[PDB]
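No letters, just coordinates:
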DNA sequence: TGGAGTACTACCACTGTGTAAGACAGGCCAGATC
DNA sequence: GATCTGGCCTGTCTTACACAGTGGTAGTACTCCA
DNA sequence: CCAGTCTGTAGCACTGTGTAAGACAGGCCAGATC
DNA sequence: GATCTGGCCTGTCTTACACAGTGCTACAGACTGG
Ligand SMILES: [Ca+2]
Ligand SMILES: [Ca+2]
Ligand SMILES: [Ca+2]
Ligand SMILES: [Ca+2]
Ligand SMILES: [Zn+2]
Ligand SMILES: [Zn+2]
């Protein structure tokens, strides 16, 4: 029994086998046992051209704004025809990308099998559910710095690279009555690199706003011009319509500041969504309304620039409330579920350090007492919870610290039992309200913690500003204001927190490194093209399906 | 279905990791399976009949200083160094086989082809089964920059030609001559060490056991169950496949550009200026022992340089016997380098301008690269590889270069020189000169003479008293060694050096990674990549 | 003529290939900080100083009546002669921001108060342009003129982005020479006018202009249409025959064929040109001099200081003029490693 | 009692961990070096010059009537004191060849001629041994004794490779201690006689022994049999009666747990035992001082010169005495890339 | 009995463009005795 | 103060040391089918 | 219905690689001062 | 009027960790025959 060509394309890409490698084992297994078990190279390459962008014909009505209606374009150079005149800004930055719309229709037609499956399950009459489709899209843009390609004799900036990736979150139906939504397809794990398709790759640092904007501008214009109109796709034998909504979440707070204009980083304006300062985050730690939006930030930047009230410098910065740079991409600034603990972890570490030691009787401590309290606390954790000390709170250490075991263990040193029960109740409310943001969907998994979260965080903040008022006078770490002021509003506005984290690209960093390692053409201008082609071939639902793993 | 051995071949002949092969096997089984590949745990024992330490054997008489347990495998290269800090530290990490077990595994692997040679020769297979003769070519080359380089050193050998002398009345019958000793597909590793290449101390303190069992195996004979019979074997060791520097370092000559150039003849440098053809090949291992003894004990009360000259540059007791012959590949590289220097010199002028400065030679090299890229489509390189040499040796490179020479006499002169060189080059490069091209070897003496006199006459501005050593070797020893040692080039260190990229790639896709284990598994793979069994199952009838 | 290797003691990561250098009331200011205005400086207009051969950079502050300027990269600079109302001023319009677009907004910058303790307060008032406004562009040039006897300004040249019809995200960054029309700006109000003549056969870019006595000379910069560098110096004489701004132009014989040239004023109407780029691969190396009067432009090839190998061989370079004959040039200090201070600075002086 | 960090300007690649430092007629000669004798100096021995904390290594040259020495690695050294009729000698025996092999040869080294211009000629004689010759060993100790009234040499200790039958190619670079036999060697004739010790029930190695007026003191060292470091010092007494050189011994009660030490002579019979290793990982940092009396050993601990962090963190260290209360110790250095002078040097003095 | 479609094996672009040791020639210089 | 010479310097010369392996492209054997 | 037995998958030792939290420091303004 | 040091703010090194893969090993589960 022969083997399908697509199966073999998947079994090549999914195990990083090189062309020469595959061909060698191919001729081997063919001449070995009397059969054409695998398919040869060129037929696999021809049969793969179905999955890359630029193969399926589509349409857009109304037509897109300032976007070519060609559908046969493939891997374009992100320069976008940068005039190469030396006198002008240099044009050496390497970058390759897809034409956003083409890649999007390719990924949609890939998911077409599952959307038809969902239409079979939902029993919606296929000749009727034609136009009312709607797709949610996440897009994460992190700069994977300092890659080492292992063959460097002359510096060709082969270290940093920004990887603009997108992922289809969920596709629903809209026809035809009220029926505002039926989730025909909800991707099951939207955080892993198996489903995080690259769109644009650039050999630059995430620092210089100049090159980053210069090469992302086309992608921003596509994101904008693709918000209104409808995409016409020949899917399942029917000319069907699709409307989009682009929830852009997976940015690091650094990049969110860089693209919302907020002065970075440890400014007087901590939260990206509310306008409150540090002192206004310390006075009231619960009641806040998420206000910052792309359009309002644009208007604020106009206010700052023109200064229509001729107010002084610092007063103008306070009246604009953090907006000093013109934003250039509408971003949905959700809480980052990646850390989501590390700030809380180091805050509980400082609280234990200052609770075993006496800070609310002796107000001003010196270096020696602080370091001694840290030493004895770490020795206590080694004694009872069996945790060695570290310099930085990583993930697993935080996970093993903010547990009732370590807390009731560390309770034995603080003399006043009042403070003992106080901090125990603190950690109790904390670890009760914790899985609200970490887990996938609190609307299905743990609706009780969500329904209680308002009053829970209220009691938490009251306990803090009652028994720890000595420390939250006017300064509060950012993540605490995040977890206390916006969690219910966030999970209500979207439907989850952890299901929009940047985890995708944080994982796919290893994929980029590996594809640069064993599949690169080393020409430094084709290399990106090969990395992109292989990375996309990886993350096509069809090919992972042929990796049944049964 | 697929035979397990074939699947192991496919695994190690394409550099796939257990994770990769396992995913591939799971996938291809879940679709249309009908199990096609074999899983990991069956290959991880289906090779035990290919690595060392599976096939029973013995010797008669037994080997000296060598335990007779035949089941040993990967052994630590330190050979049991007392780790006591107070002594020289037991620092360097290494691994190796036991030379005897490696040889018996190689032979019992070639079993199929030795039986084929038996049958094809129409010789009886049951009798005349006690006097086989094996020729084993060793090779040992360093290797830098395996990322500070860390400069690991590798030791390999190759069964060159297994012949039969039975039942006598004759000299021998070449049962099987290896068809391709150049390529690494038959160049098997026997010892890997993370030792720098030049430090005598650790190099000797790790190679000692290898050289010891080598010296011990030269006497007795081997017994192997092959072709159903308990037959016998004798070995002869050709220590050729070293480069020049290492041969010097393990020979007792003062490397490398000394006043004593020739590894084989004792002619000094200056005497290698006037005379360039007539020389005698005398340097032998035992003679070097005797000469070093004459140096050390100094029985004639001579002064320093006088005593040095009585022994002709022998001031270090050598230990690894080395047959008196030159590498083939590095001869090419040396020759290529010297013609590149002469070209760089003749683009400018030397016989008209005695002492040109440094920037002048810089610009002459630049414009030579210009002329060799504008035509012949050749790019510059830092260090000259074999390919760049082969390209810099052909005619059209000369027809392009000589265009810049003003003096047409010089143009025709170096053209005739390269003509002579191309007429005499396939003598030592060949696999078997007396069979591939007997006419060049027949005309090599007079050709070398004319070439040497052309050099001495039309280039005496440069060859007053300085001669590169490969020039001397190729102009005065080629005919003698080809007449004596059967052939040359068929004994190139190439098989090691170009094979070394394996140990390069085998550090990426097959690491562990920890030097305690890294050498172990690298050696395992690098061996398993060679056995003719697996190359047969790889080619599978074209 | 002498060159000297300077060193950025601190604030090395705030110099980008394009930038401007302004002078007014003594000290020299650097304009066009890369990135966006950090918290270090509220504005981004730095004050640069050569102290014992080291580049010291301090922050400037703004008054309340002032508006705040985005950090343009390659604006169109124009020094304003000291007279009523605020002597003197500086006209900046409009360059490109840290993001890929153009401001199309003219700004009048000046100094307001000092010191007290060696401090300088600046003001940046926007001057709206009603018209007939000059389109958004970068690399063009603006200059002041006095026509019998009212003061106006002439703007010309500069590339731009393709008009938003064929502007397509496959060539979303391909630029085009703006149509060759001269734009006349009055400062109060910004009633701008557009005019053309058949002598302006084509639009140029990066052509350093020099005005005097309401007569302006445009050098030869560079054109992307024909990919050639017209060495034809362009003279134009205008006057405000009230209320009509009559203009005439003429193609003179010779102008220098160098692009993106630094201009350092030494005398009353005398400017040394350290030169940016002559050939599209081989940069300009010499240092020339331009005088000008009613006779016309007079060119003279001064002695170019011996360029150090590091500056002379590296691919590109740029810089500005510290005024009073001195100027600053900079070369990409690309190599192993990046400090990340990636620009070596050299001061170059005349006489 | 202090140290000083020296630097090896050049020739910083010709030292290996175990090496010898012979002190005769002033200047010190370094003996034993990494690799065979290169052609910078064919005789392997280097004169050592200590100037301005700087380490110079000058070439030496032997006589014509002398023999040439392989650079033994960790041999035994016996300072044959000035006596009739050829002062002043050094006895080297038998050491480790740079080619990884032992040598049972006895080299008698001395000085022959000088200068004329500060050049120092040496001579080296192979001394044939008659016996009952001691087999080829390394790490042993040789000393000189003058008993009633003739001079002899006492050889004892040191390891050796396995006997030539049990030495298996897999146990090749293993090594066990030589049999516990003392060897009395006459410089002429070389009738080396072996003798047993009914009390020294075990051999050892790296024991820094001493001799005083035909009475020998084997200080404790390392025994690989039981991995023990027996601090019990060994006294013994020799009487060269005619013609049987009778020997007796005694187990001293307390000594020092020292291994691979440097012995710098201070007084006529006063020595500083400088340092080595007291454990398998711990190095003896504290110095020691031994006066040799006809009553016996007089031991006291001096002030240990403060150790820099560099010398203290190091796994290993070694050295040799420059004489006159001075010595030279070394540390295997680290860093990226190769220095390649991978050994830092500390000169050390007493008083 | 022939056609072209298949598959294989052979090409090409491309990283960067210098090193690290050692022998010997010879210049010459400390420095020390003469 | 004169010599002069052994020892350091500097330069030049010789032997190695890396630079494969990876995708795309196209001739081109060569052969499955009617 | 059950146990061998075969297959798949998880766990272990390991150090090379990127990463970002934290140490710090120095540099400039505020504050106190000359 | 003119100068200087603590606070702190932020730009920089740096280094503890986890994370990557890999071969081996060990256990756990699933198939197949009596
Ligand atoms: Ca980042
Ligand atoms: Ca990141
Ligand atoms: Ca070699
Ligand atoms: Ca080599
Ligand atoms: Zn908020
Ligand atoms: Zn010869």
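Yep, that arrived. Numbering: from 1, shown residues only, chains lettered A, B, ... in the order given. Ligands and ions are numbered 1, 2, ... in the order given.

going forward, measure contacts and count neighbours with C-alpha atoms only.
OK.

Where does residue A:43 sit: helix, strand or coil?
Classification of residue A:43 using DSSP: H, G, I helix; E, B strand; the rest coil returns helix.

what does residue C:264 give?
Going by three-state DSSP: residue C:264 is strand.

From ligand 6, how far off is residue A:397?
Going from residue A:397 to ligand 6 by CA to the ion, to the nearest Å gives 71 Å.

How about the strand or helix carrying that residue and DNA strand G, touching?
Counting by DSSP states H and E, the element that carries residue A:397 is helix A:395-401. No. Helix A:395-401 lies apart from DNA strand G when judged by CA under 7 Å from any atom of the strand; the minimum separation is 9.8 Å.

chain center to whichever helix or strand comes after that helix, what's the gap?
Where DSSP H and E defines the elements, the next helix or strand beyond helix A:395-401 is helix A:404-410. Here the centre of helix A:404-410 is set off from its chain's centre by 33 Å, with CA atoms, centre = their mean, to the nearest Å.

Likewise for stretch C:64-72?
The chain centroid and the centroid of stretch C:64-72 are separated by 18 Å under CA atoms, centre = their mean.

Neighbours of the residue in the stretch 251-351 of chain C that chain B sits nearest to, how many?
Distances between the stretch 251-351 of chain C and chain B by CA to the nearest CA are smallest at residue C:309, namely 16.0 Å. Neighbours of residue C:309 under the rule other CA atoms under 10 Å in any protein chain shown: 8.

And it, its phi and psi?
Taking degrees, to the nearest 10, you get phi -60, psi -40 for the backbone angles of residue C:309.

Next: residue A:325.
According to degrees, to the nearest 10, residue A:325 has phi -120, psi 140.

looking at this, residue C:329 is in a strand?
Yes. Assessed by three-state DSSP, residue C:329 belongs to a strand.

does the nearest residue to it once chain neighbours are set aside sit in a helix, a strand or a coil?
Distances taken as CA to CA, 6 or more residues apart in numbering or on different chains place residue C:319 nearest to residue C:329, at 4.2 Å, with adjacent residues excluded. Following three-state DSSP, we place residue C:319 in the strand state.

At which residues are the helices of the stretch 151-300 of chain A located?
Taking DSSP state H, counting those that start in this stretch to define them, one finds helices in the stretch 151-300 of chain A at A:209-225, A:253-260, A:278-283, A:294-306.

circling back to that earlier point, the residue nearest to residue C:329: what's it in contact with?
By CA atoms under 8 Å, 6 or more residues apart in numbering or on different chains, the contact list for residue C:319 reads C:17-19, C:262, C:327-330.

If we use 7 Å, what do you get?
If a contact means CA atoms under 7 Å, 6 or more residues apart in numbering or on different chains, then residue C:319 has C:262, C:328-330 as its contacts.

same question, residue A:380
With the criterion set at CA under 7 Å, 6+ apart, residue A:380 makes contact with residue A:410.

so where does it fall, helix or strand?
Taking DSSP H and E as the criterion, residue A:380 maps to helix A:367-383.

and residue C:46, what are its phi and psi?
Main-chain dihedrals, residue C:46, degrees, to the nearest 10: phi -90, psi 160.

which one is the residue nearest to the spatial centre of chain C nearest to, not counting chain neighbours?
By CA atoms, centre = their mean, the mean C-alpha position of chain C lies nearest to residue C:77, the distance being 4.0 Å. Leaving aside its chain neighbours, residue C:77 sits nearest to residue C:92 (5.3 Å; criterion: CA to CA, 6+ apart).

Next, give phi and psi for that neighbour.
Torsion angles at residue C:92 (phi, psi; degrees, to the nearest 10) stand at phi -120, psi 120.

Can you pull the residues of the stretch 101-250 of chain C lying near ligand 5?
On the criterion CA under 5 Å from the ion, ligand 5 has no neighbours in the stretch 101-250 of chain C.

In space, what's closest to residue A:508 - neighbours in sequence excluded?
Closest residue in space to residue A:508, ignoring its immediate chain neighbours: residue A:193 at 5.2 Å, by CA to CA, 6+ apart.

Name the residues of stretch A:25-42 that come out as buried.
Of the residues in stretch A:25-42, A:25-32, A:37-41 count as buried by neighbour count, 16 or more other CA atoms under 10 Å in any protein chain shown.

let me fix that: stretch A:355-364
Those would be A:355-359, for stretch A:355-364 by 16+ other CA under 10 Å.

Likewise for stretch A:180-191?
Buried residues in stretch A:180-191, counted by 16+ other CA under 10 Å: A:184-185, A:190-191.

Whichever residue of chain A sits closest to ligand 6: what's it in contact with?
The nearest approach of chain A to ligand 6 comes at residue A:153, 39.5 Å away (CA to the ion). Listed by CA under 7 Å, 6+ apart, residue A:153 has no contact partners.

Hmm, the residue nearest to the centre of chain C is touching residue C:142, no?
Yes. Using CA atoms under 7 Å, residue C:77 is in contact with residue C:142, at 6.3 Å.

mind listing the strands for chain A?
A:58-61, A:75-77, A:95-98, A:133-144, A:161-173, A:182-186, A:197-202, A:230-235, A:238-247 (DSSP state E).

Do the helix holding residue A:397 and DNA strand H come into contact?
Yes. Helix A:395-401 lies within reach of DNA strand H by CA under 7 Å from any atom of the strand, at A:395-397.

can you pull the contacts of the residue nearest to residue C:214 when sequence neighbours are not counted?
Nearest non-adjacent residue to residue C:214, counting by CA to CA, 6+ apart: residue C:145, 4.4 Å away. Going by CA under 7 Å, 6+ apart, residue C:145 touches C:151-153, C:211-214.

What is the nearest of these to residue C:343?
Taking CA to CA as the measure, residue C:211 is the one of the contacts of residue C:145 closest to residue C:343, at 32.0 Å.

can I see the domain layout of chain A?
For chain A, the structural domains run A:5-48, A:58-250+A:502-541, going by automatic domain parsing.

For these, could you give me CSV that also reports distance to residue D:172?
Compiled in CSV, these are given as follows (distance: least, CA to CA, whole Å):
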stretch, distance to residue D:172
domain A:5-48, 43
domain A:58-250+A:502-541, 39
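
Pipe the helices of the stretch 151-300 of chain A into TSV and attach distance to DNA strand H and mean neighbour count per row.
Compiled in TSV, those are given as follows (distance: least, CA to the nearest atom of the strand, whole Å; neighbours: other CA atoms under 10 Å in any protein chain shown):
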stretch	distance to DNA strand H	mean neighbour count
helix A:209-225	14	20
helix A:253-260	12	20
helix A:278-283	12	19
helix A:294-306	19	19
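
Indicate which one of those is closest to chain B.
Nearest to chain B among the helices of the stretch 151-300 of chain A is helix A:209-225; the distance by CA to the nearest CA comes to 33.5 Å.

hmm, the closest one touching chain C?
Yes. Looking at helix A:209-225 against chain C by CA under 7 Å from any CA of the partner chain, the contacts come from A:209-210, A:213-214, A:218.

All the strands of the stretch 1-150 of chain C, in order from the start?
Listed in chain order, the strands of the stretch 1-150 of chain C (DSSP state E, counting those that start in this stretch) span C:2-5, C:20-23, C:28-31, C:46-51, C:54-59, C:61-62, C:79-80, C:89-92, C:107-114, C:120-126, C:141-147, C:150-156.

Tell me which of these lies nearest to residue D:73.
Between these, strand C:2-5 lies closest to residue D:73; by CA to CA that is 54.6 Å.
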